[PDB]
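S.K.: Sending over a structure as structure tokens; questions will come in a sec.
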Amino acid sequence: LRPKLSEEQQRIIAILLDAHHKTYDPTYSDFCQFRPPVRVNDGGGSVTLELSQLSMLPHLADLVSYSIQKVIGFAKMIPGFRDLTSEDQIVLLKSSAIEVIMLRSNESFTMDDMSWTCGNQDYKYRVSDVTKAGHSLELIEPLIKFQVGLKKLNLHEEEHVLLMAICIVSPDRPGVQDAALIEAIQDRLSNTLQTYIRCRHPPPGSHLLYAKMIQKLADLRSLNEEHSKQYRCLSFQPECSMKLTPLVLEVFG
Ligand SMILES: C[C@H](CC#CC(C)(C)O)[C@H]1CCC2/C(=C/C=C3C[C@@H](O)C[C@H](O)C3)CCC[C@@]21C
């Protein structure tokens, strides 16, 4: 059976599309306000050199910090999010922040050359730029594989925004108090997504798409864990805090 989207489900989708359009600038016009990207010579991918310089960290830290602010704005507009306690809202945002950034970044990722292209060549980020920020291939390679996999699903914008919302409102995050309420909120979003796919998404791949999307959420958890491990290592580097931002320090600290 392929039941039609209820008026409420249609409303949820409209609200999320609006939230995304207000919090994701497809022109990347604010990027010139971040600390400038610096790309030193490191064809050898020397960990020692990368850690001593962290040339791309200030720029990427600003980009990530800016993104967290946009994610906070998006989350506040998710139907039901405001009904949670502030304590639970913060737990959900802090635990999902890196995952939603990875998801939303798919919009600027291009399979033409496997990079995140955000306008001019100065704002084109490749694997080599991430290593210059202190991270290693143990995170980057799986990250790129994840981006290509997500890209290949060719999600409608409606599906893309529902996925980010579902990612944020997850009941199995450590520290949440009212898991039941959170689960209820997520279920409403999941049912909307499942109904949308069967009703609005044409073949091939009509079905199975939901399963593939859910698997991506599992993939994000692993990437989250690896990023946390690497962030810890990065925090050991003297004077690193100055290259980050207060928001980044709190969310990942
Ligand atoms: C591992 C990085 C995250 C980090 C970090 C620190 C340095 C804080 O550990 C990568 C996560 C995904 C990502 C990237 C995200 C890019 C997006 C630009 C635009 O799509 C708006 C998104 O909102 C942000 C590309 C360059 C490497 C990263 C910044």
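Identifiers for the structure tokens are assigned positionally: chains receive A, B, ... in sequence, residues are indexed from 1 per chain, and ligands are indexed from 1 in the order shown.
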Set the cut-off to 6 Å, count only C-alpha atoms and all ligand atoms, and list whatever residues fall near ligand 1 as a list in words.
M.R.: residues 57, 60, 61, 64, 67, 101, 102, 104, 105, 107, 108, 116, 125, 130 and 231 of chain A
S.K.: Within 6 Å of residue 115 of chain A, counting only C-alpha atoms, which residues show up once you throw out same-chain ones fewer than 4 positions away? Write them as number ranges by chain, please.
M.R.: A: 109-110, 125-126
S.K.: With N, CA and C atoms retained, export the selected residues as a PDB file, in the first residue's frame.
M.R.:
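Once everything was written out, this is part.pdb:
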ATOM      1  N   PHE A 109      29.689  18.915  -1.942  1.00  0.00           N
ATOM      2  CA  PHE A 109      30.616  17.879  -2.402  1.00  0.00           C
ATOM      3  C   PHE A 109      30.356  17.585  -3.876  1.00  0.00           C
ATOM      4  N   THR A 110      31.419  17.380  -4.646  1.00  0.00           N
ATOM      5  CA  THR A 110      31.252  17.064  -6.057  1.00  0.00           C
ATOM      6  C   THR A 110      32.100  15.860  -6.432  1.00  0.00           C
ATOM      7  N   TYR A 125      37.836  22.421  -0.897  1.00  0.00           N
ATOM      8  CA  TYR A 125      38.525  21.599   0.085  1.00  0.00           C
ATOM      9  C   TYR A 125      38.705  20.168  -0.390  1.00  0.00           C
ATOM     10  N   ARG A 126      39.950  19.701  -0.353  1.00  0.00           N
ATOM     11  CA  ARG A 126      40.295  18.347  -0.771  1.00  0.00           C
ATOM     12  C   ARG A 126      40.851  17.584   0.423  1.00  0.00           C
TER      13      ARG A 126
END
S.K.: Could you give me the residues within segment 86-185 of chain A that DSSP places in strand (DSSP E), as a ChimeraX atom specification?
M.R.: /A:109-110,115-117,124-125
S.K.: Please provide the set of residues having any atom within 12 Å of residue 251 of chain A, restricted to only C-alpha atoms, with same-chain residues fewer than 2 positions apart removed, written as a list in words.
M.R.: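 Once the nearby chain positions are removed, what remains is residues 64, 65, 68, 69, 72, 90, 91, 92, 93, 94, 95, 96, 97, 98, 228, 231, 244, 245, 246, 247, 248, 249 and 253 of chain A.
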S.K.: So, with only C-alpha atoms as the atoms that count, which of A:236, A:146, A:252, A:34 lies closest to residue 216 of chain A?
M.R.: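 When distances to residue 216 of chain A are compared using only C-alpha atoms, the smallest one comes from A:146.
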S.K.: For segment 183-188 of chain A, find every residue with an atom within 12 Å (counting only C-alpha atoms), except residues of its own chain fewer than 5 positions away, and show them as a ChimeraX atom specification.
M.R.: /A:6,8-10,12-13,78-84,162-173,176-178,193-195
S.K.: Determine which residues of segment 29-208 of chain A DSSP labels as alpha helix (DSSP H) from the backbone of this structure, then write them out as a PyMOL selection string.
M.R.: chain A and resi 47-53+57-76+86-104+127-131+137-152+157-168+179-200
S.K.: My list of candidates is A:155, A:143, A:223, A:56. Which is closest to residue 39 of chain A when distances are computed with only C-alpha atoms?
M.R.: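 Of all the options, A:56 lies closest to residue 39 of chain A.
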S.K.: Give me the residues within 12 Å of residue 159 of chain A as a tab-separated table (two decimals) with N, CA and C atoms, in the first residue's frame, counting only C-alpha atoms and dropping any in the same chain fewer than 5 places off.
M.R.:
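Everything below was put into part39.tsv:
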chain	number	residue	atom	x	y	z
A	12	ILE	N	5.13	19.28	7.94
A	12	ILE	CA	6.45	19.01	8.50
A	12	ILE	C	7.54	19.19	7.44
A	13	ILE	N	7.29	18.65	6.25
A	13	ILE	CA	8.23	18.76	5.14
A	13	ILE	C	8.43	20.22	4.73
A	14	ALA	N	7.33	20.96	4.63
A	14	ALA	CA	7.39	22.37	4.25
A	14	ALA	C	8.22	23.16	5.25
A	16	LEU	N	10.56	22.02	7.29
A	16	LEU	CA	11.97	21.64	7.23
A	16	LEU	C	12.66	22.21	6.00
A	17	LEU	N	11.97	22.25	4.86
A	17	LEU	CA	12.56	22.82	3.66
A	17	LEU	C	12.84	24.30	3.90
A	20	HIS	N	15.82	24.75	6.21
A	20	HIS	CA	17.08	24.53	5.51
A	20	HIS	C	17.45	25.71	4.61
A	103	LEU	N	26.70	15.54	6.96
A	103	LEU	CA	25.55	15.36	6.07
A	103	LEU	C	25.28	16.58	5.20
A	150	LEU	N	26.48	8.77	-0.31
A	150	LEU	CA	25.30	9.60	-0.10
A	150	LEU	C	24.92	10.28	-1.42
A	153	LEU	N	22.86	8.24	-3.87
A	153	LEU	CA	21.46	7.97	-3.54
A	153	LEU	C	20.55	8.97	-4.24
A	154	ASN	N	21.13	10.08	-4.70
A	154	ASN	CA	20.38	11.13	-5.38
A	154	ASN	C	19.10	11.48	-4.63
A	164	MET	N	18.55	14.83	8.02
A	164	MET	CA	19.30	15.62	9.00
A	164	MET	C	18.48	15.79	10.28
A	165	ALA	N	17.17	15.94	10.13
A	165	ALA	CA	16.29	16.11	11.29
A	165	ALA	C	16.27	14.84	12.14
A	166	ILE	N	16.17	13.70	11.47
A	166	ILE	CA	16.14	12.40	12.14
A	166	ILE	C	17.46	12.17	12.87
A	189	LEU	N	8.95	11.86	12.32
A	189	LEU	CA	9.80	12.26	11.20
A	189	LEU	C	10.11	11.05	10.31
A	190	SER	N	10.39	9.91	10.93
A	190	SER	CA	10.70	8.69	10.18
A	190	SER	C	9.50	8.24	9.34
A	191	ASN	N	8.30	8.31	9.92
A	191	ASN	CA	7.10	7.91	9.20
A	191	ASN	C	6.84	8.85	8.03
A	192	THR	N	7.18	10.12	8.22
A	192	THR	CA	7.00	11.11	7.16
A	192	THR	C	7.94	10.75	6.00
A	193	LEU	N	9.19	10.44	6.34
A	193	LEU	CA	10.18	10.08	5.33
A	193	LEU	C	9.79	8.80	4.59
A	194	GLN	N	9.39	7.78	5.34
A	194	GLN	CA	9.01	6.51	4.73
A	194	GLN	C	7.82	6.70	3.79
A	195	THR	N	6.83	7.47	4.23
A	195	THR	CA	5.64	7.73	3.43
A	195	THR	C	5.99	8.55	2.19
A	196	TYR	N	6.88	9.53	2.35
A	196	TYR	CA	7.28	10.35	1.22
A	196	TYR	C	7.95	9.51	0.15
A	197	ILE	N	8.90	8.66	0.55
A	197	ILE	CA	9.63	7.80	-0.38
A	197	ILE	C	8.73	6.88	-1.21
A	198	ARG	N	7.78	6.22	-0.56
A	198	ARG	CA	6.88	5.30	-1.25
A	198	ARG	C	5.88	6.04	-2.13
A	200	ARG	N	6.28	9.64	-3.24
A	200	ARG	CA	6.85	10.60	-4.18
A	200	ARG	C	8.14	10.21	-4.90
A	201	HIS	N	8.82	9.17	-4.43
A	201	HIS	CA	10.06	8.78	-5.07
A	201	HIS	C	9.85	7.68	-6.10
A	209	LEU	N	15.41	2.35	-0.57
A	209	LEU	CA	16.01	3.66	-0.32
A	209	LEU	C	15.96	4.01	1.17
A	210	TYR	N	14.84	3.71	1.82
A	210	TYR	CA	14.72	4.01	3.24
A	210	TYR	C	15.80	3.26	4.02
A	213	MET	N	19.16	4.79	3.57
A	213	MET	CA	19.30	6.05	4.29
A	213	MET	C	19.57	5.79	5.77
A	214	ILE	N	18.86	4.82	6.33
A	214	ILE	CA	19.04	4.47	7.74
A	214	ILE	C	20.46	3.97	7.98
S.K.: Please measure the separation of atom CA of residue 76 of chain A and atom CA of residue 19 of chain A, giving the value in Å to one decimal.
M.R.: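 Answer for the atom CA of residue 76 of chain A to atom CA of residue 19 of chain A separation: 8.9 Å.
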